[PDB]
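Just one chain is shown here, as structure tokens, and it is the form solved without ligand 3S5.
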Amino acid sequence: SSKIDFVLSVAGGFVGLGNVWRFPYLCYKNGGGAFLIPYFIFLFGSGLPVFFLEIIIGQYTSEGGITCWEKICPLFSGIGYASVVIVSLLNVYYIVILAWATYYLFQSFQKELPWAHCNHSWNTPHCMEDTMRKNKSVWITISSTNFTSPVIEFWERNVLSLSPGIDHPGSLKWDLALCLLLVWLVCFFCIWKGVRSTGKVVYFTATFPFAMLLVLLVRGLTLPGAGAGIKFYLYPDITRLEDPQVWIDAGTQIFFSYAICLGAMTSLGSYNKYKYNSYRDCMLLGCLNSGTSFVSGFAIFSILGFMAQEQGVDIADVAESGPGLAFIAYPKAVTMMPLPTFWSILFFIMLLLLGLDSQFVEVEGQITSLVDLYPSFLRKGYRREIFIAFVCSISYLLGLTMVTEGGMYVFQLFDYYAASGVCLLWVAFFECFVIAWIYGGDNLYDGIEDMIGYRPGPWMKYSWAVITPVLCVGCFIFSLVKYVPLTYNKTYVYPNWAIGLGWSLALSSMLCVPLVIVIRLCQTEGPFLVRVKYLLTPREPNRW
């Protein structure tokens, strides 16, 4: 029957740019092995339980993020508002990764891939072919004067034209701005047309990324130096765990790949029927998502090991410890691959297919949720379409700050602060806090038992009550006690203003929870304690 195999292909995609592009870069920046220990702890202690929580709240209440929270606990409706703010910021920068992929795809159509060789305008006199780096280039006859990879030069110089600092915004790169518009135009048209159902080709869309990843994985494993990369990736370095960043990055990557804390999962749960075994699906899909990231990591690290031994440099220093590692490692593998142009086109098409799907869903979700806040006004037939255009246009302009020559720096701030980090922990802690301690985890378990058919094991409630709170709060405090500034590629120190601006992006979402609480307390009438009590009590969430 293969009912199980059918649902995964049809349900929420278990691959995204977070698997292919966010996970490898965060791992690498944090050491290969160490990152994995907090990552798996978070996956089982917070990630999977929160994922299931969001799906079931949505299923129990039959409502999306903003409205579901109001039913479960009225005073905590701010969690839904915060999720919308986080989604709005994510949509602005997630599409920038796609604009880079589109640029690489246009570049790919040439007979010779630009990143493959070094005789080009962007290339510095330092750049040397990687085969040459080991052979007579590095401290052999003339000592290596900081020689660099053609692929790295293409990314930093042709694609990014990286400025010295966020302080120099530089010129708007017209080519990346046009690529961003193309990605945005596709997004608007698919959302406006309402092209959300692709029953016949959903299979190709699901299979294509996995097939491409398998080819990349085989290429890497067959590449000399793969074992060293796999060891770097697999073997943990404990000293790293003593740093707050590895924990925050690992736990948050779990939250990122899962789309938890964005209000997407509550909405997906709402679509599910009341009597559905969502618990089985959440476990399968969450494990598959994490499994994809874990396996993709083998591919990328085997290539990094190869690059490290060709160049003759440490695996840690071979490629960027920043967003853009995928743009260096995977393109290099393609060059090694026979018929490179063909593989490059496929990889960037895959990157595009994974990202676009996610972006369409996220932007539709943002727009729908925003329309729902004021439905009568925004349900006029023209007005919804105008709203979609407005959201797409405003997000495109903000994205323009990131397609400038100093825009990579702005992108790193957005990736670190806007939809990841303390903001995700804050929303997750609150979702777990309210369900576990206000609504009552056991009370939810009565409802889950009715919906799923069987009472769930003690793991979900313990995670909501203790493990997720302790992991989220502990990581937040640890980061503050041992504070380390965001640094781009390990060598760039962000100005103090930039860190404050990044904090504001994190804070805007975070502040929504306390601010709404205050608004609710004021609006309700009565003695303070009575107000709090009424606001705490659930508004008929069973909806039988």
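Only the largest set of C-alpha atoms that superpose within 1.5 Å between the two forms is called the rigid core. All residue numbers refer to positions in the sequence shown, first residue = 1.
Unshown form deposited with ligand 3S5 bound; subsequent notes refer to it.
Contact with ligand 3S5 in the entry with it bound, judged by any heavy atom within 4.5 Å, is made by just one of 257, 412, 267, 309: 257. A heavy atom within 4.5 Å of ligand 3S5 in the entry with it bound is found for one listed residue only; from 334, 303, 151, 262, this is 262. At the 4.5 Å threshold, heavy atoms of residue 327 stay clear of ligand 3S5 in the entry with it bound, well away from it. Using a 4.5 Å cutoff between non-hydrogen atoms, residue 25 does not count as a contact of ligand 3S5 in the entry with it bound.
Within this chain, residue 362 lines the site of ligand 3S5 in the entry with it bound, having a heavy atom no more than 4.5 Å away. Contact check for residue 90: a heavy atom falls within 4.5 Å of ligand 3S5 in the entry with it bound. Taking a 4.5 Å heavy atom cutoff to ligand 3S5 in the entry with it bound, the contacting residues in 7-22 are 13, 14, 15, 16, 17, 18, 19. Residue showing a CA shift of 2 Å or more between the shown form and the other one (rigid core superposed; candidates 401, 341, 144, 393): 144. Remark: with the core as the superposition reference, the CA shift of residue 131 between the shown form and the other one stays below 2 Å. Put the two forms on the same core and the Cα of residue 13 is off by 2 Å or more between the shown form and the other one. The Cα-Cα distance between residue 137 and residue 307 is lengthened by 3 Å or more in the entry with it bound relative to the form shown here.
CA of residue 137 to CA of residue 304: farther apart by 3 Å or more in the entry with it bound than in the shown form.
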